[PDB]
Amino acid sequence: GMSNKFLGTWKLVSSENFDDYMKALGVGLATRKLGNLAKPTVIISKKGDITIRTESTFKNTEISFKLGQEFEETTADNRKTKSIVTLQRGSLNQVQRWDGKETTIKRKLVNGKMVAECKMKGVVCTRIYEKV
Ligand SMILES: CCCCCCCCCCCCCCCC(=O)O
Ligand SMILES: [Cl-]
Ligand SMILES: [Mg+2]
Ligand SMILES: [Mg+2]
């Protein structure tokens, strides 16, 4: 199952190419400006379902799911998606589908950091988090 090394509170330390990723999702300019200034905390826990909670001054989000079971998600930019989280070679892989579009957020552990790779339409964003 998901490694217990994911569990905990993680703080964003680096983000590369977020603005073009948000653009590819359809996010408007003023929201992107705030999204690029945000430094969220991500809290991963498990109590039956796995929960991934994101906290920031601009927006908070939360998803709770079982691996491999499609669920309804509301994203930080207020998309209403059908999403599935899978585990592949230790990476926690989230696909979101809405309005015939798809994006993936792969989260993996690298030397104790958590690396999120976000992909939309060939645009790739990398966000690196350190455990608190
Ligand atoms: C994530 C909260 C702050 C961002 C607010 C701007 C709205 C666009 C959000 C795009 C989806 C977020 C992808 C997050 C990946 C990650 O967990 O690092
Ligand atoms: Cl913030
Ligand atoms: Mg940066
Ligand atoms: Mg950018």
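FYI, residue positions are counted from 1 along the chain as it appears here.
How was it done? The header gives X-ray crystallography, 1.5 Å.
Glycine too: its Cβ is placed from the backbone N, Cα and C atoms.
Lifted from Swiss-Prot, the feature list:
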BINDING   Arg107, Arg127, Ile128, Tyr129  (9Z)-octadecenoate binding site
BINDING   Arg107, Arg127, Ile128, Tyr129  hexadecanoate binding site
DISULFID  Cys118-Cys125  disulfide bond
MOD_RES   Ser3  N-acetylserine
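Location within the structure of each feature annotated in Swiss-Prot.
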residue : record                          : DSSP (3 states)
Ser3    : N-acetylserine                  : coil
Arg107  : (9Z)-octadecenoate binding site : strand
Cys118  : disulfide bond                  : strand
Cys125  : disulfide bond                  : strand
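Using a 10 Å Cα-Cα cut-off around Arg107 ((9Z)-octadecenoate binding site), the recorded positions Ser3, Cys118, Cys125 reduce to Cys118. Close to the recorded (9Z)-octadecenoate site, the chain also has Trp10, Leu12, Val13, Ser14, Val42, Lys113, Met114, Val115, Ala116, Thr126: residues not among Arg107, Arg127, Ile128, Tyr129 whose Cβ is within 8 Å of the site's Cβ mean position. The binding residues for hexadecanoate are recorded as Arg107, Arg127, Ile128, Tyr129; their greatest pairwise CA distance is 10 Å. Looking only at other Cβ atoms within 10 Å, the busiest spot among the recorded positions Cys118, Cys125, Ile128 turns out to be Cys118. In this structure, none of the recorded positions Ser3, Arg107, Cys125, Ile128, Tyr129 sits close to ligand 1 with a C-beta under 6 angstroms from any of its atoms.
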